[PDB]
>>> print(open('model-v7.json').read())   # JSON, C-alpha atoms
[["chain", "number", "residue", "atom", "x", "y", "z"],
["A", 87, "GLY", "CA", 10.56, 107.24, 120.97],
["A", 88, "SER", "CA", 11.02, 107.02, 124.73],
["A", 89, "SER", "CA", 9.51, 103.70, 125.82],
["A", 90, "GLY", "CA", 10.10, 102.54, 129.38],
["A", 91, "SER", "CA", 7.48, 103.51, 131.95],
["A", 92, "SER", "CA", 6.16, 101.67, 135.01],
["A", 93, "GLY", "CA", 4.09, 102.31, 138.13],
["A", 94, "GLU", "CA", 1.07, 100.02, 138.35],
["A", 95, "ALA", "CA", -1.19, 100.29, 141.39],
["A", 96, "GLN", "CA", -0.25, 98.29, 144.49],
["A", 97, "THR", "CA", -2.19, 99.44, 147.56],
["A", 98, "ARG", "CA", -5.12, 100.88, 145.60],
["A", 99, "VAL", "CA", -5.55, 97.90, 143.28],
["A", 100, "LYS", "CA", -6.28, 95.90, 146.43],
["A", 101, "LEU", "CA", -8.41, 98.51, 148.19],
["A", 102, "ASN", "CA", -10.62, 98.68, 145.11],
["A", 103, "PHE", "CA", -12.02, 95.17, 145.55],
["A", 104, "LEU", "CA", -12.35, 95.30, 149.34],
["A", 105, "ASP", "CA", -14.22, 98.59, 148.95],
["A", 106, "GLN", "CA", -16.75, 97.02, 146.59],
["A", 107, "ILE", "CA", -17.28, 93.88, 148.67],
["A", 108, "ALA", "CA", -17.48, 96.22, 151.66],
["A", 109, "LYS", "CA", -20.32, 98.30, 150.23],
["A", 110, "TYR", "CA", -22.39, 95.11, 150.07],
["A", 111, "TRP", "CA", -21.97, 94.71, 153.83],
["A", 112, "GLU", "CA", -21.96, 98.32, 155.01],
["A", 113, "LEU", "CA", -25.52, 98.27, 153.67],
["A", 114, "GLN", "CA", -26.73, 95.51, 155.99],
["A", 115, "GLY", "CA", -24.81, 96.98, 158.91],
["A", 116, "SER", "CA", -21.82, 94.67, 159.30],
["A", 117, "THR", "CA", -18.12, 95.52, 159.59],
["A", 118, "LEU", "CA", -15.79, 93.94, 157.03],
["A", 119, "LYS", "CA", -12.63, 92.51, 158.58],
["A", 120, "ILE", "CA", -10.18, 90.02, 157.07],
["A", 121, "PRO", "CA", -8.89, 87.17, 159.27],
["A", 122, "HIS", "CA", -5.25, 86.37, 160.02],
["A", 123, "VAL", "CA", -3.82, 83.36, 158.18],
["A", 124, "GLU", "CA", -0.59, 82.16, 159.80],
["A", 125, "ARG", "CA", 0.02, 85.54, 161.41],
["A", 126, "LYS", "CA", -0.56, 87.14, 158.01],
["A", 127, "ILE", "CA", -3.60, 89.01, 156.70],
["A", 128, "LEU", "CA", -5.32, 87.06, 153.92],
["A", 129, "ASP", "CA", -5.93, 89.42, 150.99],
["A", 130, "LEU", "CA", -9.15, 87.94, 149.60],
["A", 131, "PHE", "CA", -8.87, 89.98, 146.40],
["A", 132, "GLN", "CA", -5.49, 88.52, 145.47],
["A", 133, "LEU", "CA", -6.24, 85.09, 146.94],
["A", 134, "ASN", "CA", -9.21, 84.44, 144.65],
["A", 135, "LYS", "CA", -7.38, 86.20, 141.81],
["A", 136, "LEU", "CA", -4.42, 83.81, 141.95],
["A", 137, "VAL", "CA", -6.81, 80.86, 142.03],
["A", 138, "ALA", "CA", -8.39, 81.85, 138.72],
["A", 139, "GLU", "CA", -4.92, 82.40, 137.26],
["A", 140, "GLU", "CA", -3.88, 78.88, 138.28],
["A", 141, "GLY", "CA", -7.03, 77.53, 136.66],
["A", 142, "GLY", "CA", -10.13, 78.10, 138.76],
["A", 143, "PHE", "CA", -12.20, 76.89, 141.71],
["A", 144, "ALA", "CA", -13.38, 73.82, 139.80],
["A", 145, "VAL", "CA", -10.09, 72.79, 138.18],
["A", 146, "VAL", "CA", -8.10, 73.68, 141.30],
["A", 147, "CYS", "CA", -10.48, 71.66, 143.48],
["A", 148, "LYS", "CA", -10.24, 68.67, 141.14],
["A", 149, "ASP", "CA", -6.43, 68.71, 141.24],
["A", 150, "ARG", "CA", -6.44, 70.15, 144.76],
["A", 151, "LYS", "CA", -4.15, 72.91, 143.48],
["A", 152, "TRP", "CA", -4.72, 74.93, 146.66],
["A", 153, "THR", "CA", -1.23, 74.42, 148.06],
["A", 154, "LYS", "CA", 0.15, 76.57, 145.25],
["A", 155, "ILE", "CA", -2.06, 79.56, 146.03],
["A", 156, "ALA", "CA", -1.95, 79.40, 149.83],
["A", 157, "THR", "CA", 1.81, 78.88, 149.67],
["A", 158, "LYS", "CA", 2.18, 81.76, 147.21],
["A", 159, "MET", "CA", 0.44, 83.90, 149.83],
["A", 160, "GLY", "CA", 3.44, 83.36, 152.08],
["A", 161, "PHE", "CA", 1.71, 80.55, 153.95],
["A", 162, "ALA", "CA", 3.49, 77.26, 154.67],
["A", 163, "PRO", "CA", 2.85, 74.23, 152.42],
["A", 164, "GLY", "CA", 0.62, 72.21, 154.72],
["A", 165, "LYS", "CA", -3.06, 71.26, 154.91],
["A", 166, "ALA", "CA", -4.80, 73.62, 157.33],
["A", 167, "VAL", "CA", -4.26, 76.63, 155.07],
["A", 168, "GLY", "CA", -5.52, 74.48, 152.22],
["A", 169, "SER", "CA", -9.08, 74.18, 153.51],
["A", 170, "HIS", "CA", -8.83, 77.72, 154.88],
["A", 171, "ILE", "CA", -8.74, 79.23, 151.39],
["A", 172, "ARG", "CA", -12.12, 77.68, 150.56],
["A", 173, "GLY", "CA", -13.74, 78.53, 153.88],
["A", 174, "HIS", "CA", -12.60, 82.15, 153.81],
["A", 175, "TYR", "CA", -14.64, 82.38, 150.61],
["A", 176, "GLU", "CA", -17.65, 80.49, 151.96],
["A", 177, "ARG", "CA", -17.40, 82.60, 155.11],
["A", 178, "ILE", "CA", -16.94, 86.01, 153.49],
["A", 179, "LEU", "CA", -17.17, 85.57, 149.72],
["A", 180, "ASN", "CA", -20.22, 83.38, 150.29],
["A", 181, "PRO", "CA", -22.97, 85.96, 149.62],
["A", 182, "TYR", "CA", -20.95, 88.24, 147.35],
["A", 183, "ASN", "CA", -20.72, 85.36, 144.88],
["A", 184, "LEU", "CA", -24.22, 84.16, 145.74],
["A", 185, "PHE", "CA", -25.56, 87.32, 144.10],
["A", 186, "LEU", "CA", -22.92, 87.93, 141.44],
["A", 187, "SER", "CA", -23.88, 84.57, 139.93],
["A", 188, "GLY", "CA", -27.57, 85.43, 139.72],
["A", 189, "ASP", "CA", -29.01, 81.93, 140.07],
["A", 190, "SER", "CA", -30.90, 82.23, 143.36],
["A", 191, "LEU", "CA", -30.64, 78.45, 143.62],
["A", 192, "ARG", "CA", -26.90, 78.61, 144.26],
["A", 193, "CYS", "CA", -26.90, 78.62, 148.06],
["A", 194, "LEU", "CA", -24.97, 77.18, 151.00],
["A", 195, "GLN", "CA", -26.06, 73.59, 151.61],
["A", 196, "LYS", "CA", -27.30, 73.28, 155.19],
["A", 197, "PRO", "CA", -26.52, 70.12, 157.22],
["A", 198, "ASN", "CA", -29.04, 67.82, 158.88],
["A", 199, "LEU", "CA", -29.03, 67.91, 162.69],
["A", 200, "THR", "CA", -28.33, 64.49, 164.20],
["A", 201, "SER", "CA", -30.81, 62.92, 166.62],
["A", 202, "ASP", "CA", -30.29, 60.20, 169.23],
["A", 203, "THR", "CA", -32.60, 57.71, 170.95],
["A", 204, "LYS", "CA", -32.14, 55.72, 174.16],
["A", 205, "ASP", "CA", -33.90, 52.60, 175.44],
["A", 206, "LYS", "CA", -33.72, 50.77, 178.77],
["A", 207, "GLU", "CA", -34.93, 47.38, 180.00],
["A", 208, "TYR", "CA", -36.07, 45.73, 183.24]]
>>> encode(input="model-v7.json", output="structure tokens")
Amino acid sequence: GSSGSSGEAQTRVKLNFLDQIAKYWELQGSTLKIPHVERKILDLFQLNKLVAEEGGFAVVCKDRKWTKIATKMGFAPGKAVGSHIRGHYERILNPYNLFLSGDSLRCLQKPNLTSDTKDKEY
């Protein structure tokens, strides 16, 4: 009969995720704190969420569809924020996903220190 209700979660829906990802850290003994993107807190939860909605990490990366997300987060359509999205994940959502996946193999590729050699003559 009477159909017309509304009141989905807003602040909680976000806290939920953070809480979970936080428990993973609180265990080791580290404090979870989100950075400030363009003078605006970057809500990881949503961030990643939007990405999947637009297509996914793979697809998005292929078509570099990062501008859409970042921009949708209130950020300006540039480049800096573009790479930021990825990093934020590899900086915070690095381990969380490293375990969620299961495949121990999946790990952050470490670089190869650069060496230098000098030679003189008489």
>>> residues_around(input="model-v7.json", residues="residue 160 in chain A", least_positions_apart="3", cutoff="12 Å", atoms="all atoms listed in the file", output="ChimeraX atom specification")
/A:123-129,133,153-157,163-164,167
>>> closest_residue(input="model-v7.json", among="A:203, A:183, A:169, A:195", to="residue 110 in chain A", atoms="all atoms listed in the file")
A:183
>>> closest_residue(input="model-v7.json", among="A:121, A:166, A:131, A:175", to="residue 99 in chain A", atoms="all atoms listed in the file")
A:131
>>> closest_residue(input="model-v7.json", among="A:138, A:193, A:178, A:186", to="residue 108 in chain A", atoms="only C-alpha atoms")
A:178
>>> atom_distance(input="model-v7.json", atom1="CA of residue 142 in chain A", atom2="CA of residue 187 in chain A")
15.2 Å
>>> residues_around(input="model-v7.json", residues="residue 97 in chain A", least_positions_apart="4", cutoff="12 Å", atoms="only C-alpha atoms", output="list in words")
residues 93, 101, 102, 103, 104, 129, 131 and 132 of chain A
>>> atom_distance(input="model-v7.json", atom1="CA of residue 196 in chain A", atom2="CA of residue 180 in chain A")
13.3 Å
>>> closest_residue(input="model-v7.json", among="A:137, A:182, A:145, A:152", to="residue 111 in chain A", atoms="only C-alpha atoms")
A:182
>>> closest_residue(input="model-v7.json", among="A:191, A:200, A:119, A:162", to="residue 177 in chain A", atoms="all atoms listed in the file")
A:119
>>> closest_residue(input="model-v7.json", among="A:94, A:176, A:105, A:207", to="residue 134 in chain A", atoms="all atoms listed in the file")
A:176
>>> atom_distance(input="model-v7.json", atom1="CA of residue 173 in chain A", atom2="CA of residue 139 in chain A")
19.2 Å
